[PDB]
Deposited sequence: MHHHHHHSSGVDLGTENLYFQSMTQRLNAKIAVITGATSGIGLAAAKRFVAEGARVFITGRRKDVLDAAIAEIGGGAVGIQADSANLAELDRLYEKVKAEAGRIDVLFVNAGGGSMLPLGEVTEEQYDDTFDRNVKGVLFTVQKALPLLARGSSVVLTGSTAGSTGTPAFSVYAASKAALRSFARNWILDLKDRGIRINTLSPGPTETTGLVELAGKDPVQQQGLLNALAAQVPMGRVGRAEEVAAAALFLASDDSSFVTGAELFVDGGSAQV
């Protein structure tokens, strides 16, 4: 199966979890893969992925390093066909205990960083390209002590609705991929909420990312695809 044959894929935050599972899958599907990470752990990830995957150290939030990331991609690949944006950002604090630090860190990574990651990619984004933004079931549900994270992910999903109108006739699709909790006591409690009776696997999220990245989803844009075992559907 070579469902991403001759496609250039850039994946931010692909050093672990969903990003890493996606990098592995995209390489397996024939993509020329560029991944980013902040820290070494990137070199290990690149070895684990293999298949000619290249790593670029970049702080996805930091603006000047994004310029350097896209300069490298332009020089080495000349275009982007798949952009998969995974942002870290997130911790738990209830209202009454929320700090400026938590707000700033979460939104800088999950919202601001994402906006500029995509904006700076625009000149490289080819006709028939696909931008996949990692959301969360948190963005449309209620969870105790999770309001800052949840709000950041609500903001994230909104981007897909709106940017598809700014990029009219450019042939760039933009979609949100929204996982429930995955494997990567608490897990037993979370699994009880899920209709399917278990938490997701990073690889299952990666398979859904593949759908959105691939030409199979050619008439899917502005959407939010939940990969949640039913958790946010009931």
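Absence of C-alpha coordinates is noted for several segments of the deposited sequence, namely 1-23, 63, 209-223.
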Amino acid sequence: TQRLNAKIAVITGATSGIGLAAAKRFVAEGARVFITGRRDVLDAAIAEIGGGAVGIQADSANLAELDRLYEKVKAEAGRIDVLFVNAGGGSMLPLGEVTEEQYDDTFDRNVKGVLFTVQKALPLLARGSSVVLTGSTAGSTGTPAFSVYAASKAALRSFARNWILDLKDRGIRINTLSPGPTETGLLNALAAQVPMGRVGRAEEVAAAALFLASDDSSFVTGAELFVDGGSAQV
From here on, numbers count along this sequence of modelled residues.
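The stretch with the higher mean CA B factor, choosing between 138-146 and 69-77, is 69-77. For the segment pair 225-233 and 4-12, the entry gives 4-12 the higher mean B-factor, averaged over Cα atoms.
Of the candidates 174, 205, 190, 167, it is 190 whose Cα B-factor is highest according to the PDB record. Per the PDB record, 45 has a higher Cα B-factor than any other of 209, 45, 27, 196. Ranked within its chain, residue 155 lands in the lowest third, by CA B factor from the PDB record. Per the PDB record, residue ranking by Cα B-factor puts residue 94 in the middle third of the chain.
Sorting the modelled residues of the chain by their CA temperature factor places residue 126 in the middle third. The entry lists a Cα temperature factor for residue 133 that places it in the lowest third of the chain's modelled residues. Ranked by C-alpha B-factor against the other modelled residues of its chain, residue 85 falls in the middle third.
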